[PDB]
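We begin with a single chain expressed as structure tokens, specifically the form deposited in one PDB entry.
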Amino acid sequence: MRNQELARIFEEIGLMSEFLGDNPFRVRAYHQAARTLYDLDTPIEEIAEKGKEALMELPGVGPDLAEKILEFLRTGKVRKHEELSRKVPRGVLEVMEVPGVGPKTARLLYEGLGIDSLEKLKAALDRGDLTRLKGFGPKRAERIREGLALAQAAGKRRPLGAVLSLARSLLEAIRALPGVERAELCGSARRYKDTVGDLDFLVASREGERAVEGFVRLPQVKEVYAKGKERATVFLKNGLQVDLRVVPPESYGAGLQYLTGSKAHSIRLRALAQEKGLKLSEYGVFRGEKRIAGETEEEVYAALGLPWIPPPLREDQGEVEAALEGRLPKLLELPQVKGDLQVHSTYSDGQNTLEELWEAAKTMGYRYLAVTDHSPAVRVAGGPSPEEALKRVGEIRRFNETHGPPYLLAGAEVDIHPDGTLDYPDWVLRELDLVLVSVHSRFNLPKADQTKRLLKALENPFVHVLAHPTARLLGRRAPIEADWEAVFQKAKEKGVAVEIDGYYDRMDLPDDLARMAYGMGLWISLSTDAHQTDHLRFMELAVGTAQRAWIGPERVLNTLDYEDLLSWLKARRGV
């Protein structure tokens, strides 16, 4: 549908018209036309095909607006919008849309102060320039500052794990609204994409307009950006940008599919529907006018002749073909994970004692946890020395002797030197239960030198896992450049697993490289890189990444029980 695109065009025309001082009657009309298009559920094109008079049946649409709708549908543009855009720069439009600014203020700011961008606006805010204008006091100034921050965040993405728990807190409040029967966090978050834009929630309600009203008045809500009969966009006090859509309970499953996407996956499903005489919309699966499915997501897939497809697969990257042939991949599931294979302690830079790690693992129902403290070069420190590392192995063994399961694996995260040698000697490595190796320095070696360094590390016969291989930090450091085919092939041949480190700003291996590694036949190790017990919750992110990468429980170290894991670690591995 082009409804939302057209709603935006009319809204912008309204904003620009007011900036330019057009008739307030015309300004208000464009905003009413925008609301009508925003609220309209049926495709605008379907009413336009019925003619100009039918378009005029819509609330707010007169002869002028009807011709513009037809113009948009026939040409893809609206000349008036193009005309006003010539008079109103992109930066000034951005300024006027900041909550608390608006078009007439933006005009004064443009003419009088020279503000034609968010940049100048922020400069003016920060210096107190705006305080010398009428109608500007602390309440409005604060609204504008915050509005600017929300504007500047709108294109950007955050790590999934930075926002998932916050999104779930909002989900609890949405579910608790009287009138809401079911709700779910959808969009790219439900697909476990490692960075997310806005957050999208679907609600089932028989009273959708009233559900929207309850939603926008939740204690968590700071600013309402858009609101209508069945949808809203808000910003929370905590800064999260959130879209809500409401559907009737009979449509909930179709709404879940719609709001989860991806867009590419939904395109595939809509074609499959029409090819068998059905229509898939947000509201259901229909044969002619008859709704034949919609209440549950599995029912919707079934009506299209498909098994239910897990959200992390919904990227149009082979899952539709696999579903059509009744051969969806087996996927790793969170209950199959028997432990976390990279956690840190007070022996190095973790906050927790062995007792505290053990207690947390026991709560989680794990069989084991690998305590993998850093070698000295990781910490940019003097220790722990090789002698201390071995003393620690004995202490972890005594801890197991006195505690029992979940068993602690005595491990280390061993730095790879620039030349590919390792930061502990083999007499330490041979005694560790679990040897991880990783890059923590010289991130910008030429690709061929970084590759040689990693290959040399993988030659050491005591290594078990290549930890967080790219070393990326979301928002801070790009992945290292290396020939991952060469690295992964050597790891496979040597029997070294690659890690999916689900720590929220690592997410490393990323899904795409994990998909490559698993497809090449490697073993996989999941971890959270925990430095406090609250980080252990990130295992779900590592599992979601595995699902996106089509990874099953086969060749995942964490699905082995303790005895089988120790056997794997001690075995002659590789070719």
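Rigid core (definition): largest C-alpha set, two forms, superposition within 1.5 Å. The first residue of the sequence shown is number 1, and the count goes up from there.
What comes next is about the form deposited in another entry, which does not appear here.
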- Note on the structure: Just one entry of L109, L408, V487, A361 has its C-alpha move 2 Å or more between this form and the one not shown under rigid core superposition, and it is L109
- So, does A34 move by 2 Å or more at the CA between this form and the one not shown, with the core held fixed? yes
- Query: Can a Cα shift of no less than 2 Å be assigned to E67 between this form and the one not shown, given superposition on the rigid core?
  - Reply: yes
- Message: Aligning on the core only, does the CA of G147 end up 2 angstroms or more away between this form and the one not shown?
- Response: yes
- Task: Could you tell me whether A226 and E146 have their C-alpha atoms closer or farther apart in that other deposited form than in the shown form, knowing the shift is 3 angstroms or more?
- Result: closer
- Outcome for the Cα pair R231, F72 in that other deposited form, compared with this form (closer or farther; change of 3 Å or more): farther
